[PDB]
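Fold and contact review
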Amino acid sequence: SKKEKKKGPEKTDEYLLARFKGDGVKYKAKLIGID
């Protein structure tokens with residue numbers, strides 16, 4: 001098994017801001033309730 005664990009980090013909460021500068025806005029807008 002020892003071999004490149006899950007792709008990149010397994011972060012997901014504090015990591016939001018990590019990806020925020022990428023595909024965060026795409027769903028952020030929608031997950032909110034825009035159009």
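As documented in the archive entry, the model was determined using solution NMR.

**Focus: the packing of aromatic side chains**
What the rule picks out here adds up to zero aromatic pairs. The ring of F20 has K28 lying over it, and the distance from NZ or CZ to the ring centre is 5.1 Å.

**Brief notes about a nonpolar patch on the surface**
On the surface, a cluster of nonpolar side chains totalling about 350 Å² of accessible area is made up of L31, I32 and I34. With respect to the helices, strands and loops of the structure, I32 is situated in helix α1 (residues 16-32).

**Examining unusual backbone geometry**
Of note, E4 is a non-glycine position whose phi angle comes to about 40°, a positive value. Mapped onto the elements of the fold, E4 is located in the segment before α1. Note on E4: relative accessible area 58%, which makes it exposed.

**With respect to the pattern of salt bridges**
As enumerated under the stated definition, the model contains two salt bridges in all. The closest approach of N and O atoms between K7 and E4, which form a salt bridge, is 3.3 Å. There is no split in this pair, since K7 and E4 are both exposed. We note a salt bridge from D23 to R19, for which the minimum N-O separation is 4.0 Å. Note that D23 and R19 are positioned in helix α1 at a spacing of four residues, about one turn of the helix. Of the residues examined, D23 reaches a relative accessible area of 39% and is grouped as partly exposed.

Parameters at a glance
- Residues numbered from 1 in each chain as written, not as in the entry; some residues may be left out.
- Heavy atoms only, no water.
- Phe/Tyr/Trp six-rings, centres within 6.5 Å; stacked < 30°, edge-to-face > 60°.
- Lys NZ or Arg CZ within 6 Å of the ring centre and 35° of its normal.
- Patch = residues over 30% accessible without salt bridge, like charges linked within 9 Å, V, L, I, M, F, W, Y side chains within 5 Å.
- Areas by Shrake-Rupley, 256 points an atom, 1.4 Å probe, with all protein chains shown as cover.
- Salt bridge = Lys/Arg side-chain N within 4 Å of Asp/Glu carboxyl O.
- Helix = DSSP H or I, 4+ residues; strand = E, 2+ residues; numbered from the N terminus.
- Buried < 20%, exposed > 50% of the residue type's maximum accessible area, 1.4 Å probe, protein only.

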